[PDB]
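A.B. asks: Before I ask anything, let me first share the structure, which is written out below as structure tokens.
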Amino acid sequence: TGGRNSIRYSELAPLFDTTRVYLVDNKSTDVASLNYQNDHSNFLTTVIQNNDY
Amino acid sequence: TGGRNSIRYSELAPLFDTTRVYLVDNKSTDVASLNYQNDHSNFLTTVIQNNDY
Amino acid sequence: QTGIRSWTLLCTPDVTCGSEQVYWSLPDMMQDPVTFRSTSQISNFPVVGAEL
């Protein structure tokens with residue numbers, strides 16, 4: 001553990017040890033732009049849940 | 001310098017060495033809420049330039 | 001103590017209508033100052049310099 005934890009993201013600061021990333025389809029911004037031609041059994045998701053990008 | 005730099009803010013991440021804080025009056029959110037009864041020669045400013053609070 | 005002299009103020013004209021300032025931002029090349037959040041919304045980039 002010691003120096004081996006650090007879970008980092010762009011400038012948003014150091015998070016330490018387990019956290020949570022989310023894989024979701026119903027995410028509104030995504031639909032419109034990425035998986036238009038796809039379906040629920042094979043889609044793309046933005047795992048970055050940051051409102052500004 | 002070494003460990004003595006760190007300029008920190010809530011979770012927004014470590015900034016190192018000189019940076020810049022701004023003292024401004026014309027800031028829109030401020031006016032309405034803080035220095036309503038004041039004037040340009042004696043006002044309050046929010047120095048935290050973070051859009052979300 | 002009652003007239004307009006009360007709630008108003010007489011002062012010099014100034015054609016410019018008011019010295020307003022502008023803010024520089026070089027998002028892609030300089031670290032985002034203290035409390036500024038990093039983003040891509042042009043109307044909210046970090047500011048590195050202010051000037052009249």
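Letters A, B, ... go to the chains of the structure tokens in the order shown; residues in each chain start at 1; ligands are counted from 1 in the same order.
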Mind fitting chain A to chain B by least squares on all Cα atoms in order and giving back the moved coordinates as a short mmCIF file (atom, residue, chain, number, x, y, z; two decimals) with C-alpha atoms, in the first residue's frame?

C.D. replies:
data_model
loop_
_atom_site.label_atom_id
_atom_site.label_comp_id
_atom_site.auth_asym_id
_atom_site.auth_seq_id
_atom_site.Cartn_x
_atom_site.Cartn_y
_atom_site.Cartn_z
CA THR A 1 11.37 25.74 -1.09
CA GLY A 2 11.38 21.88 -1.21
CA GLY A 3 8.38 20.84 0.92
CA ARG A 4 7.51 24.43 1.81
CA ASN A 5 5.73 25.39 -1.46
CA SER A 6 2.41 23.65 -1.67
CA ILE A 7 -0.43 26.13 -2.12
CA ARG A 8 -3.55 24.11 -1.42
CA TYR A 9 -7.28 24.43 -1.87
CA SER A 10 -10.17 22.01 -1.15
CA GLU A 11 -9.59 18.86 -3.23
CA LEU A 12 -8.75 20.92 -6.35
CA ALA A 13 -5.13 19.62 -6.19
CA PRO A 14 -1.62 20.94 -5.25
CA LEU A 15 -0.38 24.06 -6.95
CA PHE A 16 3.34 24.80 -6.45
CA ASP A 17 5.14 28.11 -5.88
CA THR A 18 3.69 31.54 -6.67
CA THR A 19 0.21 31.68 -8.25
CA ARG A 20 -2.49 34.37 -8.30
CA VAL A 21 -5.46 35.35 -6.20
CA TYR A 22 -7.80 38.06 -7.47
CA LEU A 23 -9.50 40.90 -5.61
CA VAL A 24 -12.33 42.19 -7.84
CA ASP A 25 -15.53 44.19 -7.29
CA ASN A 26 -17.39 43.82 -10.58
CA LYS A 27 -17.80 40.07 -9.87
CA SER A 28 -21.52 39.48 -10.51
CA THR A 29 -22.46 36.78 -8.01
CA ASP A 30 -20.80 38.83 -5.22
CA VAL A 31 -22.55 42.15 -5.71
CA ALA A 32 -26.09 40.87 -5.42
CA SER A 33 -25.27 38.89 -2.26
CA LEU A 34 -22.58 40.64 -0.22
CA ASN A 35 -21.70 44.26 -0.83
CA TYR A 36 -25.22 45.45 -1.66
CA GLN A 37 -25.10 48.27 0.86
CA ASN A 38 -21.43 49.05 0.21
CA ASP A 39 -19.54 51.02 -2.41
CA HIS A 40 -16.43 50.70 -4.50
CA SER A 41 -14.24 52.16 -1.80
CA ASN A 42 -15.10 49.49 0.75
CA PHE A 43 -16.46 46.15 -0.44
CA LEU A 44 -16.32 42.42 -0.05
CA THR A 45 -15.07 39.97 -2.62
CA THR A 46 -15.09 36.26 -2.86
CA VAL A 47 -11.48 35.37 -3.71
CA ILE A 48 -12.49 31.76 -4.44
CA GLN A 49 -13.00 31.80 -8.19
CA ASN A 50 -14.69 28.39 -8.27
CA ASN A 51 -17.82 28.28 -10.35
CA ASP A 52 -19.56 25.64 -8.21
CA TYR A 53 -19.97 27.20 -4.80
#

A.B. asks: At a cut-off of 7 Å, list the chain C residues touching chain B, using only C-alpha atoms, as a PyMOL selection string.

C.D. replies: chain C and resi 33-37

A.B. asks: What's around residue 52 of chain C at 9 Å? Count only C-alpha atoms, leave out sequence neighbours fewer than 4 positions away in its own chain, and write the answer as an mmCIF file with N, CA and C atoms, in the first residue's frame.

C.D. replies:
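Contents of the output file part-v3.cif:
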data_model
loop_
_atom_site.group_PDB
_atom_site.id
_atom_site.type_symbol
_atom_site.label_atom_id
_atom_site.label_comp_id
_atom_site.auth_asym_id
_atom_site.auth_seq_id
_atom_site.Cartn_x
_atom_site.Cartn_y
_atom_site.Cartn_z
ATOM 1 N N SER C 19 -14.046 52.477 -17.033
ATOM 2 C CA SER C 19 -12.888 51.645 -17.240
ATOM 3 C C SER C 19 -13.257 50.211 -16.874
ATOM 4 N N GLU C 20 -13.341 49.329 -17.865
ATOM 5 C CA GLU C 20 -13.634 47.925 -17.583
ATOM 6 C C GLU C 20 -12.381 47.148 -17.895
ATOM 7 N N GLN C 21 -12.218 45.991 -17.268
ATOM 8 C CA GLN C 21 -11.027 45.203 -17.518
ATOM 9 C C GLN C 21 -11.302 43.934 -18.294
ATOM 10 N N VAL C 22 -10.221 43.289 -18.703
ATOM 11 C CA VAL C 22 -10.285 42.064 -19.464
ATOM 12 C C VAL C 22 -9.408 41.017 -18.806
ATOM 13 N N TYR C 23 -9.672 39.760 -19.121
ATOM 14 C CA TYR C 23 -8.935 38.663 -18.530
ATOM 15 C C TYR C 23 -8.274 37.761 -19.560
#

A.B. asks: Write out as a PyMOL selection string the set of residues from chain C that DSSP, computed on the backbone, places in strand (DSSP E).

C.D. replies: chain C and resi 22-24+49-51

A.B. asks: Store the residues picked out above in a file with C-alpha atoms, as a PDB file, in the first residue's frame.

C.D. replies:
ATOM      1  CA  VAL C  22     -10.285  42.064 -19.464  1.00  0.00           C
ATOM      2  CA  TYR C  23      -8.935  38.663 -18.530  1.00  0.00           C
ATOM      3  CA  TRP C  24      -6.262  36.661 -20.324  1.00  0.00           C
ATOM      4  CA  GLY C  49      -3.792  37.955 -16.008  1.00  0.00           C
ATOM      5  CA  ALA C  50      -6.124  40.884 -15.661  1.00  0.00           C
ATOM      6  CA  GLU C  51      -5.761  44.245 -17.291  1.00  0.00           C
TER       7      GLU C  51
END

A.B. asks: Quick one: pick out all helix (DSSP H, G or I) residues within chain B from a backbone DSSP run and write them as a count of residues only.

C.D. replies: 6

A.B. asks: Rounded to one decimal, what separation in Å do you get between atom CA of residue 32 of chain C and atom CA of residue 47 of chain C?

C.D. replies: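 So the answer is 7.4 Å.
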
A.B. asks: Which residue, C:31, C:25, C:18, C:4, has the smallest gap to residue 48 of chain C when you use only C-alpha atoms?

C.D. replies: C:25

A.B. asks: Hey, can you check how far atom CA of residue 16 of chain C sits from atom CA of residue 3 of chain C?

C.D. replies: 28.5 Å
